[PDB]
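K.L.:
Based on what follows, work out the 3D shape:
(7 chains, ligands or ions: 2)
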Amino acid sequence: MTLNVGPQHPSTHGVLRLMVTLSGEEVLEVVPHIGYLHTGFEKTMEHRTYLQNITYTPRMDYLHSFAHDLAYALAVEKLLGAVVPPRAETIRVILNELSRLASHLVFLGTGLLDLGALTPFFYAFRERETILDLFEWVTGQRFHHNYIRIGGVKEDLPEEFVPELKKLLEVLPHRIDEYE
Amino acid sequence: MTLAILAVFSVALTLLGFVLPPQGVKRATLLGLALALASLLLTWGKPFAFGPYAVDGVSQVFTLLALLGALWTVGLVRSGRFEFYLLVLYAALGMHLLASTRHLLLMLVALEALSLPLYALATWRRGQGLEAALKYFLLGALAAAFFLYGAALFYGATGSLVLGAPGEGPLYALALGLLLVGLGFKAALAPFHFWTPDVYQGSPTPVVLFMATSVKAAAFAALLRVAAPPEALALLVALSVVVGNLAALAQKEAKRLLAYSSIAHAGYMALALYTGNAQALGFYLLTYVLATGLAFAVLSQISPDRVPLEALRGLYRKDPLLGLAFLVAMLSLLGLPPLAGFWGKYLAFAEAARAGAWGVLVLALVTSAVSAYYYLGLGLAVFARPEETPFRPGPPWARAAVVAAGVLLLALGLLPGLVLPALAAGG
Amino acid sequence: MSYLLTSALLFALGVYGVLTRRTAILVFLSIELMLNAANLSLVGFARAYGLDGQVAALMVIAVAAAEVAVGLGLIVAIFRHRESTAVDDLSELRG
Amino acid sequence: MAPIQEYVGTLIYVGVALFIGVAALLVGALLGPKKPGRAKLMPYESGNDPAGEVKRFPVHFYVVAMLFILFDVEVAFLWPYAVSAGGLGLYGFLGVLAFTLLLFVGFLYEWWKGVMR
Amino acid sequence: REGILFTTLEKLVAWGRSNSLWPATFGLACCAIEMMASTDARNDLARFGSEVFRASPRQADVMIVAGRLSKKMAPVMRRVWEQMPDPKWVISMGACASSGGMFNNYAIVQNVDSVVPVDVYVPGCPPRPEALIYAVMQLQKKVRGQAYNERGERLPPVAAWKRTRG
Amino acid sequence: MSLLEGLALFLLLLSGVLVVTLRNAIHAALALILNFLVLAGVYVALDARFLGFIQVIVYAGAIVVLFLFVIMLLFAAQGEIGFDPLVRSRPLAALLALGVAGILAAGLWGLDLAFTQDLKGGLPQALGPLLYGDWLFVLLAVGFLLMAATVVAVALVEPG
Amino acid sequence: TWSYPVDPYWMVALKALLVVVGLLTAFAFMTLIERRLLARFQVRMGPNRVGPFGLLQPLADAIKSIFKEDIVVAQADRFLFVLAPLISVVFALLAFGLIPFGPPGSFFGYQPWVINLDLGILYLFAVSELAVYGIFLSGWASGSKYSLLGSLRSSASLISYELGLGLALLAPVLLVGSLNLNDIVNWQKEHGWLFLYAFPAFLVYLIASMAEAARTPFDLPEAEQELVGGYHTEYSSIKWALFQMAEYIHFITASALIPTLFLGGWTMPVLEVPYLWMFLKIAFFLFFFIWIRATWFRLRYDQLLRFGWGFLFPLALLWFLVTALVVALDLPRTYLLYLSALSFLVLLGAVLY
Ligand SMILES: CC(C)(C)c1ccc(CSc2cnn(C(C)(C)C)c(=O)c2Cl)cc1
Ligand code: SF4
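P.N.:
Residues are numbered from 1 along each chain as shown, chains lettered A, B, ... in the order given. Ligands and ions are numbered 1, 2, ... in the order given. Below, you will see the structure:
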């Protein structure tokens, strides 16, 4: 059965086409087909100033984007030898680990829902909202946040960021241990 | 408790095959068959009934013959699938259940219980084996439909599903016809014989042995209980013997020619159904089963899948004992003195003349004289020059089996007044 | 009596099927019709002669189920890889 | 036993159910835009071949269904013993138990060989 | 028959189609997660009537183009749109679908109205989930026949009724 | 009776005609299921009720379900392919098909029977003791037959 | 039906019609309640919208469902495509009348039930097979083997557990000795709450009904996020509604039958009120089953079939044989209470390791 699990169906997250070579209920071998979202970031980025490309960096891997932001920043800095203040670097690693948490939350919600039951998608994804609120506090954006810069970060943290973050750092260990 | 032995051994071996190597399973099947046979010997003349299950001389003799065929055909099968034995066992029991009752519906259940395992038993995977098995399956299921509507019309003619009921006129005639359809079909009698050549040519040789002995034995065992009219019997015998021998003349292949000969042989057997003597018929089927098992063990040692006439040639040079035994079997199946087949044929003829049907008997005898053509073209070919022929000269198991079969044939031909006294009640 | 004439007519019809149908499975279905007509006749005659034919027809249905299982196994075995199950494609073994 | 009136009520039940179902189908069909298109009537999944050209499906479904015919025949035979028991006594229980054990041996065979196939 | 030809009946069926909007999930890009967040347990598009989510196109009327419509997905989406029942509505979600977005290149359709009749447009990157609810409310009062543009025109209930599809 | 009796008989006969006529395997089998439903109604009308329920559960629920399963695994529905039609077989067989009825009619024509027995419903309540009893041996034989058929089919397919 | 009366035929038609329309409105409002209960399970709250209580969202949904372009797919079978939903719905609605909602006359004059057949469980079983019939038939008719394999999953799994249902239902017949549910209910009145005697069978019935479209094989299957299921993926306006409706009616039929047979189908030792206790137990089974719906995963139809065949059916037949031992020897009924209590303690205490 050369079965075509077509693009986006059935609810195949990450629009993708799969030609399952298959006899029966096993899986002989799946021939993948990708390219359904190629937008040309590697090309469009050649035409934006170094400052602007930070607007192209997060939107590619839209779950853990701060790895993009930080990698691009470091590459350019090393290219021109800029110095990130320790406070800026620390804030960068904080945001990195935080978007890591959000990414893994979304990943496991999508996985659990993918086959089996739907419920635990919410709770974990719930925390994402709280985390997003945190980001909305500092970057003013849910995701695709334009915060990082070549020298460092755009601007400073408000006084209101740390308390919300501590509140979440208090609720998260119990939450994760519950999932586990 | 032969039924008990058979059922218990089969059911136990079913799971035991998971722990037992195929050789051990073969040994155990052999033991069960021999135990049932010995139990029959010790119960000689010991009628034993439970419900509709009724053990009489007919059941006893014919199930003994079936056990003989099963023992022999298992002797050859050495395949490493215990299933190729289990069904054998199963089939055996079914045929016993075929002869041990008068109940028509239980007759049907037994018919299925013996036919279903044989269908799968023809799967050497050889493509022609599958064609033959499919023909067998479809024709058998059709005949089962006929037999079933016969049991229905029987219950219409009488309040019980047991033969021997008083019976009405035309309705009982119609029910009897619908039963005889399936039963003669299973007996390789014309005009229902067409499955026989295809199956005998396509099925593996030892399987054809097993079938052509035990199936026909149990079928005639059940048939004797019927009150078959003389006219329908005349039609069956005339067509069967005529078509069998005539189409047998033109065959170039050993198995198919033997199938047509077996059609003729059932035509000869059906004469006792005129009187239902059931003693002469028991003797006939004893002789026939022995000779057929002999010949088909030979055919197996030649080639299991297919053996042409020329393959039979030169058999004596390859094996003198096998050639002589094949000659003896060909003669006993020709019905010639001083061999037991002649006594069985003569006894059937005596029953027929005692029933007073003349033209059928005369035509049968003339056709039997015609049969000598291929009976000789097989028997005499023993000495011919060996042409291209598959020859794997078997084990001494089947050799001794063939030898004893031929010896029994010739002995009972010379001195039939030994066993025939015990084919009635059995003192 | 109407039921028994119906059984006979259905038997004839299923025979017409078995003879006419080219494919094995439709032949097998016609056989099912034939057997069930026979069981209908048995039920009528059991109503006439005392309820035993009812158990008879029940056992018959069980037998038919067994023979259906085995026939389907065989039909699968021969014509799974092979082309259309039509029995006219198998004529190797001739008289 | 039961009066025939309840069986006529059963047939009436079926007639009412069928009446409502056909009414619902007519309501659904008659009420609609009804502007089908050559692409609208296409089966599924992006151009052709949701499954498209595939070889025959696994025999597993066949094996399960054949198992089911045999074992539902079993249950159909087990019911008459389920109702009429005390009149059958230890003899009836033992007969039905032997029957059950035969078919359960069949099950044990098919299990130790297994059906994943 | 098209939900028309009685002053009360068309109001009634328009009401029903408005609040019974059954979304057809077509997630494309990073718009998709802010789409799903309009269903999470802070902000759920599960009240207005869009709790259940039939991924099938044969069973859902609203097609939410959430993400950039890459060209290799355009014809497929084409048939997917034609594989919807005729009472169907098409919302263009995100900047990349509504407009070309920032990806002004060879790869992306610069406005999805090209291939599919768009009902409602929603700017944003990503559009806040509550903006997605606002867009479905816009579509709601559109399919009720309660929507007017800047020029004063009332808009038809169902876009994709006016195109000679083929 | 006769009002609905003739109707049920026409349904039965026409369904049989269909299952032997139609070239669509699915449609033929489904007409046969209609036949079996009508037949269970007839059985109930013949005071045999349990047997009708079993006819529904066993045949329809189990057997023809698998029939449909097989013809869906192996399409095989339009069997008329690789025809070798043998045109003469279409009329001639019909002749033979009619004959197998006529002689039966001969056995049944001018035949009236004592159809006066009070079965009191063919319920299993009363059918057990005959089934488990006079028929207990037949039931056990049928069970052994079922086991044998299982082993036959299993060893028959058994890819190895 | 020895002891139970008969309403006039026109009253039979009236009662059947009322039962059908009640099942309609009931499954609609139960879809609402399932949504809202799932919401409570997953923090997110339900539709505080179009209602107030949402109880007008179903009407909007139905009104959209009609006029929704009921389409006849090309490359598909003209007849079966449209015909199969009729089977799936009709043979789902019925098999609910037998359930006793009260003693005779407690329907304000005539009859709580519709029909009280002598052989009831066989009727339920037979029409239960026909739901699977309609399901896989619709799966075929689409002409999409994509949905076809899902339809095959449906039929295979539901048929396996459908067989298991018989070995589950055998045991209580031995105690009751009749195949009419009402006699079983009166028995549950006298001796009390049959499941106390046969809890394991109850389980293998209950779990079997979990495979019958309630959830958790959940390889029923639905199209969502897996190999698409049968009976959908090509139907637009009403036929898809007909399939979802029939599946939900099968759900509520099982959720009502389970208290009826094993537990106390109404028949309450307390207040012995005709309808309210039955409705409350139905709703209770609904709450538990929805808990399962939004609480447990799938079983993949492979492990599900292996589990059904190797675990449910041998256990059920063994329990039947034990109950048959006790009934045929007929000396006690207490021995079954003792053995069932032990069996429940086994199936429960084996968990907390
Ligand atoms: C049922 C919901 C609304 C939750 C739903 C809606 C749509 C889809 C399929 S679109 C999709 C989904 N997730 N992803 C990630 C980024 C997680 C891999 C994608 O890339 C795409 Cl493209 C799945 C579920
Ligand atoms: S508008 Fe922004 S969030 Fe939406 S697809 Fe485009 S880049 Fe992603």
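K.L.:
Spell out which parts of the stretch 301-427 of chain B neighbour chain G.
P.N.:
Residues of the stretch 301-427 of chain B found near chain G (Cβ under 8 Å from any Cβ of the partner chain): none. In this view, the C-beta of every residue, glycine as well, is placed from N, C-alpha and C.
K.L.:
Pull the residues that contact stretch E:153-166.
P.N.:
Stretch E:153-166 has contacts (Cβ atoms under 8 Å, 6 or more residues apart in numbering or on different chains) with D:37-39, E:3, E:14, E:17, E:81-82, E:87-90, E:116-119, E:142-145, E:147-149.
K.L.:
Hmm, I typed the wrong one, I wanted stretch F:27-37.
P.N.:
Residues contacting stretch F:27-37 (Cβ under 8 Å, 6+ apart): C:26, C:29, C:32-33, C:36, F:11-12, F:15-16, F:18-22, F:55-56, F:59-60, F:64, F:67-68, F:71.
K.L.:
for the chain, what spans make up the helices?
P.N.:
Assuming you mean chain A. All helices of chain A, identified by DSSP state H, fall at A:41-44, A:66-80, A:86-114, A:120-138, A:161-179.
K.L.:
um, chain C though
P.N.:
C:2-20, C:24-49, C:52-78.
K.L.:
so which of those helices gets nearest ligand 1?
P.N.:
helix C:52-78 (39.4 Å; Cβ to the nearest ligand atom).
K.L.:
That closest one - contacts with which helices or strands?
P.N.:
Here helix C:52-78 touches helix B:104-121, helix B:127-157, helix C:24-49, helix D:60-83, helix F:50-54, helix F:65-73, helix F:124-129, helix F:136-157, going by 3 or more Cβ pairs under 8 Å, 6 or more residues apart in numbering or on different chains; DSSP states H and E.
K.L.:
Make a markdown table out of these and add mean neighbour count.
P.N.:
Shown next, in a markdown table, are the helices and strands packed on helix C:52-78 (neighbours: other Cβ atoms under 10 Å in any protein chain shown):
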| stretch | mean neighbour count |
| --- | --- |
| helix B:104-121 | 26 |
| helix B:127-157 | 24 |
| helix C:24-49 | 26 |
| helix D:60-83 | 25 |
| helix F:50-54 | 27 |
| helix F:65-73 | 23 |
| helix F:124-129 | 23 |
| helix F:136-157 | 24 |
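K.L.:
Please name whichever of those is nearest to residue B:214.
P.N.:
With Cβ to Cβ as the criterion, residue B:214 lies closest to helix B:104-121 of those, at 8.1 Å.
K.L.:
Report whether that closest one contacts chain D.
P.N.:
No - on the criterion Cβ under 8 Å from any Cβ, helix B:104-121 is out of touch with chain D, staying 12.5 Å away.
K.L.:
how many degrees apart are that helix and helix F:136-157 in direction?
P.N.:
Using axes from the mean of the first three to the mean of the last three Cα atoms, to 10 degrees, the inter-axis angle of helix B:104-121 relative to helix F:136-157 is 20 degrees.
K.L.:
For residue E:20, see how far away the residue of chain D most remote from its centre is.
P.N.:
The centre of chain D is farthest from one residue, residue D:35, which by Cα atoms, centre = their mean lies 37.2 Å away. Applying Cβ to Cβ, to the nearest Å, the value for residue D:35 to residue E:20 is 20 Å.
K.L.:
Name the SS class of the spatially most central residue of chain G, please.
P.N.:
In chain G, the centroid-proximal residue (Cα atoms, centre = their mean) is residue G:254; its distance is 2.0 Å. For residue G:254, the assignment made with DSSP: H, G, I helix; E, B strand; the rest coil gives helix.
K.L.:
And for the one 10 residues further on?
P.N.:
With three-state DSSP as the basis, residue G:264 sits in coil.
K.L.:
tell me the contacts of it?
P.N.:
G:188, G:193, G:277, G:281.
K.L.:
Compare the helices and strands packed on helix C:52-78 and give me the one nearest ligand 1.
P.N.:
helix D:60-83 (29.5 Å).
K.L.:
packing partners for that closest one?
P.N.:
Using 3+ Cβ pairs under 8 Å, 6+ apart, the elements in contact with helix D:60-83 are helix C:52-78, helix D:89-113, helix F:50-54, helix F:65-73, helix F:124-129, helix F:136-157, helix G:145-176, helix G:313-329.
K.L.:
Make a markdown table from those helices and add distance to ligand 2 to it.
P.N.:
Shown next, in a markdown table, are these (distance: least, Cβ to the nearest ligand atom, whole Å):
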| stretch | distance to ligand 2 |
| --- | --- |
| helix C:52-78 | 52 |
| helix D:89-113 | 53 |
| helix F:50-54 | 60 |
| helix F:65-73 | 43 |
| helix F:124-129 | 67 |
| helix F:136-157 | 53 |
| helix G:145-176 | 29 |
| helix G:313-329 | 52 |
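K.L.:
Redo these as CSV? Include distance to residue B:336.
P.N.:
Listed next are those as CSV, based on distance: least, Cβ to Cβ, whole Å:
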stretch, distance to residue B:336
helix C:52-78, 41
helix D:89-113, 48
helix F:50-54, 56
helix F:65-73, 53
helix F:124-129, 57
helix F:136-157, 41
helix G:145-176, 60
helix G:313-329, 60
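K.L.:
do you know which of those helices lies nearest residue B:338?
P.N.:
From these, taking Cβ to Cβ, the stretch that ends up closest is helix F:136-157, at 42.7 Å.
K.L.:
Check the spacing between residue B:164 and residue B:158 real quick.
P.N.:
9 Å.
K.L.:
quick one, which of those two is more surrounded?
P.N.:
residue B:158 (19 against 11; other Cβ atoms under 10 Å in any protein chain shown).
K.L.:
Excluding residues flanking it in the chain, which one is nearest the more buried one?
P.N.:
residue B:165 (3.6 Å; Cβ to Cβ, 6 or more residues apart in numbering or on different chains).
K.L.:
anything in stretch F:76-90 near chain C?
P.N.:
Yes - residues of stretch F:76-90 contacting chain C under Cβ under 8 Å from any Cβ: F:76, F:79-84, F:86, F:89-90.
K.L.:
Now intersect these with the helices, please.
P.N.:
Those of the residues of stretch F:76-90 next to chain C lying in helices (DSSP H): F:89-90.
K.L.:
Quick check on the residues of stretch F:76-90 next to chain C: which are buried?
P.N.:
In the residues of stretch F:76-90 next to chain C, burial by neighbour count holds for F:76, F:79, counting by 16 or more other Cβ atoms under 10 Å in any protein chain shown.
K.L.:
Serialize the residues of stretch F:76-90 next to chain C to a markdown table and add fields for distance to chain A.
P.N.:
Converted to a markdown table, the residues of stretch F:76-90 next to chain C look like this (distance: Cβ to the nearest Cβ, whole Å):
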| residue | distance to chain A |
| --- | --- |
| F:76 | 17 |
| F:79 | 24 |
| F:80 | 26 |
| F:81 | 22 |
| F:82 | 25 |
| F:83 | 29 |
| F:84 | 31 |
| F:86 | 36 |
| F:89 | 37 |
| F:90 | 37 |
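K.L.:
out of the residues of stretch F:76-90 next to chain C, which touch chain D?
P.N.:
Among the residues of stretch F:76-90 next to chain C, no residue lies close to chain D (Cβ under 8 Å from any Cβ).
K.L.:
ok, the residues of stretch F:76-90 next to chain C vs ligand 2, which is closest?
P.N.:
residue F:76 (49.1 Å).
K.L.:
For the closest residue to that closest one other than its chain neighbours, list the residues it contacts.
P.N.:
Nearest residue to residue F:76, sequence neighbours excluded (Cβ to Cβ, 6+ apart): residue C:85, at 5.5 Å. With contact taken as Cβ under 8 Å, 6+ apart, residue C:85 is in contact with C:23-25, C:75, C:78-79, F:74, F:76, F:79.
K.L.:
contacting residues around the most centrally placed residue in chain E?
P.N.:
Centroid-nearest residue in chain E, with Cα atoms, centre = their mean: residue E:91, separated by 2.0 Å. Shown in contact with residue E:91 (Cβ under 8 Å, 6+ apart): E:62-65, E:118-120, E:122, E:135-136, E:139.
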